[PDB]
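Cβ coordinates were reconstructed from backbone atoms using ideal geometry, including for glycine residues, and neighbour counts include every protein chain displayed. Just so it is clear, none of the values below were taken in a lab; they were calculated from the coordinates.
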Amino acid sequence: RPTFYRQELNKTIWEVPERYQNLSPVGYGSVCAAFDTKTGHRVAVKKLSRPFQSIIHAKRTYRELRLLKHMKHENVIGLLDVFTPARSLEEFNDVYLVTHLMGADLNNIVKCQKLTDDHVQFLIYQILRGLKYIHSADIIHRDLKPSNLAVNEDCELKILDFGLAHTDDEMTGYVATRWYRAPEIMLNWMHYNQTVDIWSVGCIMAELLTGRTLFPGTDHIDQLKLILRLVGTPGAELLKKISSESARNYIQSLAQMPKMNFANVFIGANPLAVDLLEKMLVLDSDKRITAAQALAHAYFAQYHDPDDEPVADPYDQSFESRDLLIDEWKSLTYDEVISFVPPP
Ligand SMILES: COC(=O)[C@@H](C)c1cc(OC)ccn1
Ligand SMILES: [Cl-]
Ligand SMILES: [Cl-]
Ligand SMILES: [Cl-]
Ligand SMILES: [Cl-]
Ligand SMILES: [Cl-]
Ligand SMILES: [Mg+2]
């Protein structure tokens with residue numbers, strides 16, 4: 001066990017190992033920037049807020065720790081360390097998570113840069129490379145958007161901030177929290193799956209090509225109208241897959257519209273980029289291109305290497321259907337803190 005030291009920083013007590021120095025507040029938890037003397041990295045240290053206050057919160061704490069401990073890929077955020085100052089389960093209360101300190105996100109470049117087609121190729125390639133890995137473990141990210149993508153000076157990218165299961169108020173009105181969501185999840189049409197993440201990638205790629213949000217709806221219904229104008233209204237085949245009779249009735253109340261010509265929407269774009277967008281932005285999720293298929297599309301010919309696009313170790317999510325008491329979720333979390341082994 002390392003030696004810990006205590007300090008109060010902005011109304012919060014932080015008790016951390018001596019290896020972490022020069023803690024400075026930066027913003028579910030409070031976060032400090034620090035220098036990690038063991039690795040030489042600048043890190044983000046997050047102290048979880050009330051991690052075990054309810055059954056729901058305790059299970060969410062376990063879910064987050066399990067997911068971060070599993071992710072080991074160049075294009076996905078990983079876990080550098082996890083610690084508690086507690087010496088036993090009896091006194092266990094606080095959980096701290098340590099990751100690489102990230103600088104700019106894809107907003108801090110999409111708004112502030114001139115991107116060549118080569119830049120778009122490399123950024124989208126890296127998102128899809130990380131997504132192939134994520135999806136191979138049967139994980140769905142659910143919240144892909146520019147603020148959840150970290151990018152450095154060399155245009156290298158990492159996916160972060162996995163969806164841990166966003167509120168009703170957060171999805172309401174003219175908000176970026178909804179502009180990247182697939183229509184079947186935005187309107188609760190059907191049980192969703194990993195194909196929702198590919199819709200999000202299409203929305204991101206379009207914005208890198210044009211500099212503008214693809215579907216900036218003022219509310220759920222306005223956003224659906226923008227979507228259907230581009231991709232067309234559904235046919236009977238997709239309508240059969242929508243579970244709610246009212247939702248089907250609402251859709252059938254709209255006048256039918258054909259899919260638009262994407263070359264006349266994304267004026268001047270690389271024809272191979274236009275082709276890939278038509279394969280991602282498909283209303284019926286069953287018919288969208290997958291991450292593994294998209295990596296082999298000709299748009300990425302200069303970056304695709306099928307011997308350097310790895311998959312994940314199997315990920316057991318059976319805990320998600322398990323019913324446990326607060327202290328049982330807490331004990332499982334404690335076991336995962338104690339068993340952590342750092343990366344090389
Ligand atoms: C059974 O199939 C349908 O009802 C399809 C042809 C349909 C889709 C609509 O999307 C606006 C509106 C009206 N009718
Ligand atoms: Cl230490
Ligand atoms: Cl990382
Ligand atoms: Cl503690
Ligand atoms: Cl965003
Ligand atoms: Cl009509
Ligand atoms: Mg975020």
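Observations, loosely collected:
- Ordering 48, 276 from the fewest to the most neighbouring beta carbons within 10 Å gives 48, 276.
- Note on the stretch 1-159: Rg/Rh from C-alpha atoms, Kirkwood Rh, equals 1.00.
- Straight-line cross-link partners of residue 240 among the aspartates and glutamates, defined as a Cα under 12 Å from its Cα and at least 8 positions apart when in the same chain: 284.
- Charge dipole (debye, nearest 20) of the chain; +1 at Cβ of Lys and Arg, -1 at Cβ of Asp and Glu: 560 debye
- The label-point distance for residue 177 and residue 42, in a model that sets each label 7 Å from Cα toward Cβ, rounds to 2.9 nm.
- Classification of the stretch 198-344 by its C-alpha gyration tensor yields an oblate form. The axis ratio a/c (a ≥ b ≥ c) is 1.5 or more, and b/c is at least a/b.
- Between residue 229 and residue 255, residue separation times 0.36 nm minus the direct Cα-Cα distance comes to 8.3 nm.
- HN-Hα J in Hz across the stretch 175-187 - Karplus 6.51, -1.76, 1.60, θ = phi - 60°, x for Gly and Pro: 9, 5, 4, 10, 5, 9, 7, 5, x, 5, 8, 4, 10
- Across the stretch 317-324, rounded Karplus estimates of 3J(HN,Hα) from the backbone phi angles (6.51 cos²θ - 1.76 cosθ + 1.60, θ = phi - 60°) give 10, 4, 4, 5, 9, 9, 10, 9 Hz, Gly and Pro being marked x.
- Pairs of Cα atoms in the chain fall into 10 Å distance bins, from 0 up to the last occupied one, in shares of 5, 22, 30, 24, 14, 5, 0 percent.
- The residue list 262, 319, 227 was ranked by how far each Cα lies along the charge dipole of the chain toward its positive end, using unit charges on Cβ atoms, and 227 comes out on top.
- Cα-based radius of gyration for the stretch 72-227, normalised by 2.2 N^0.38 Å, reads 1.16.
- Under 14 Å, Cβ to Cβ, from residue 2 - net charge with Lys/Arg +1 and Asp/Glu -1: +1
- Relative packing of 94-103, 119-128, 220-229, which averages over residues the other C-beta atoms within 10 Å, highest first: 119-128, 94-103, 220-229
- Taking a straight line from the alpha carbon of residue 69, these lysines sit under 25 Å away, with near neighbours fewer than eight places off in the same chain left out: 38, 46, 47, 59, 132, 145, 158, 330.
- Across all directions, the average projected area of the convex hull around the alpha carbons of the stretch 1-65 is 5.2 nm².
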